[PDB]
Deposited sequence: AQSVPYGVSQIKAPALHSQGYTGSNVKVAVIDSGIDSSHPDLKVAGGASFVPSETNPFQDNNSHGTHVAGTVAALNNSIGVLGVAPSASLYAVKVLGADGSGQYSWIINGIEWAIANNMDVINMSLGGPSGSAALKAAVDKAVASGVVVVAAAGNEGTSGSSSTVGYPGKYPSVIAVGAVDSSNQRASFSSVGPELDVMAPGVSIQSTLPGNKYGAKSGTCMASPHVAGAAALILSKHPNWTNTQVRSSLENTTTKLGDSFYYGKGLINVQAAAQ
């Protein structure tokens, strides 16, 4: 549909009848506008104390992330895990509560197009438990760019259990904003991403946040072909089948190729 879908080689799988059917993807974000004609929301939960409806997206972020998951894996069961309020901010407890729900509710893929500058024993415990429980955990690397020689990969992206996603444009160039470090795993399209917006709209957003869902959608396609495959196997296939770009500090393993990873 959008250029980023074709770029990751998703359409080849779609033509084959692999569209992410029976894959439960949790969008741990600002909610999802379930009212959008182009989105099918299966369930979810809100963990934002003042915004009790997960199906009301007061930000726009979670609907845009969800629509990218949907563009990659059209048949995937989308779950709106509302952890971020109208301002796009959320407390760590709300976020961790949303991961805890995703595990509890047998989500196959977690998408976290979110990041914080600091970790916690509780955040690491939550991601680790998800992984140990066979969930594919995908997160945005962060929008911190370059910072001397140091990692600018945010949390939870920083944790070895999480697939940390960096952003490339349509040319396969690293976006100037894309966080860097040894914890960067893969690259996906993350510059001027056309996706669904609340109130039957479409618009572009840029960020590693936009790159993350292409991988979460990519993990849904793999699981649709290979329902038997472990989260470990899904991850290894995505990482081992990449189009090799530059240095792993900047590009991770390179750009994901869903066609090559699906075998």
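K.L.:
If a residue lacks a C-alpha atom here, it counts as unmodelled; so which stretches of the deposited sequence fall into that category?
P.N.:
No C-alpha for residues 1-3, 75-83.
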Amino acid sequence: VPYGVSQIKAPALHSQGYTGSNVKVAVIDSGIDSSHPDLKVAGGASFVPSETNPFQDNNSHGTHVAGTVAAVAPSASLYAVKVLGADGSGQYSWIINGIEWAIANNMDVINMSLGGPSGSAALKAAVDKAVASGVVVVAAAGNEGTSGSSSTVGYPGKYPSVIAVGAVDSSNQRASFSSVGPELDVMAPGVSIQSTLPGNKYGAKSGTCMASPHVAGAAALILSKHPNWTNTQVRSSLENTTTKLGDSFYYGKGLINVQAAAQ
From here on, numbers count along this sequence of modelled residues.
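K.L.:
Of 144-152 and 97-105, which one has the bigger average CA B-factor?
P.N.:
Per the PDB record, 144-152.
K.L.:
When the Cα temperature factors in the entry are averaged, is it 208-216 or 194-202 that ends up higher?
P.N.:
The deposited B-factors put 194-202 ahead on the C-alpha mean.
K.L.:
Highest Cα B-factor in the deposition, which of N231, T68, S30, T52?
P.N.:
By C-alpha B-factor in the record, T52 ranks first.
K.L.:
Per the coordinate record, which of the options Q173, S179, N111, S161 holds the highest CA temperature factor?
P.N.:
That would be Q173, according to the entry.
K.L.:
Just say lowest, middle or highest third for the CA B-factor of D128 relative to the other modelled residues in its chain.
P.N.:
It belongs to the lowest third of the chain when residues are ordered by C-alpha B-factor.
K.L.:
Ranking every modelled residue in this chain by its Cα temperature factor as given in the entry, which third contains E183?
P.N.:
Tercile = middle for this residue's CA B-factor.
K.L.:
Would the CA B-factor of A73 place it in the lowest, middle or highest third of its chain?
P.N.:
Middle third of the chain for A73's C-alpha B-factor.
K.L.:
Consider only the C-alpha atoms of the modelled residues in this chain, order them by B-factor as the entry records it, and name the third containing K40: lowest, middle or highest.
P.N.:
Highest third.
K.L.:
Would you please rank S46 by its C-alpha temperature factor against the other modelled residues of its chain and give the third it falls in: lowest, middle or highest?
P.N.:
Ranked within chain, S46 CA B lands in the lowest tercile.
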